[PDB]
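Asker:
In the entry's author numbering, the protein residues as written are 128 to 225.
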């Protein structure tokens, strides 16, 4: 059941009715899971945390990408640390989806 993908998105571009379902969306002030039914589920992060993650992930390849990339190394860049941090947040929030 669990999502495998995420993307950054701007708030005025995020339309749950037409966005890809079962996917994580990182906005500049919120982190959400769009579940398989199209329900936006908040993932409990402060706007400040989200602003930091949103702005740390700058590589074009990583704007719309996979959640648990085995080749990410948080010790090599702030971007990869932020991607790994988001993955750990999502993993914890998805703990009981299966």
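All residues carry an ideal CB built from backbone N, CA and C; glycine is no exception.
When you compare each of 184, 152, 169 to residue 137 by their alpha carbons, which one comes out closest?
Answerer: Residue 137 sits at position 10 when you count from the first residue of the chain shown. Of the candidates 184, 152, 169, the one whose C-alpha sits nearest the C-alpha of residue 137 is 152.
Asker: Between the region 209-222 and the region 143-161, do at least 3 Cβ pairs fall closer than 8 angstroms?
Answerer: yes
Asker: Within 10 Å of its beta-carbon, does residue 132 have 16 or more other beta-carbons around it, so buried, or fewer, so exposed?
Answerer: For the purposes of this step, residue 132 is taken as the residue at position 5 of the chain shown. It is exposed - the Cβ of residue 132 has fewer than 16 other Cβ atoms within 10 Å.
Asker: So, at 7 angstroms on beta carbons, what are the nonlocal neighbours of residue 191 in its own chain, with the 5 sequence-adjacent residues on each side left out?
Answerer: Taking the first residue of the chain shown as position 1, residue 191 is located at position 64. So the list reads 134, once near-sequence residues are dropped.
Asker: I think residue 165 touches residue 148, with their Cβ atoms under 8 angstroms apart; what is that distance to the nearest whole Å?
Answerer: Counting from 1 along the chain shown, the entry for residue 165 is found at position 38. Counting from 1 along the chain shown, the entry for residue 148 is found at position 21. Confirmed, about 6 angstroms.
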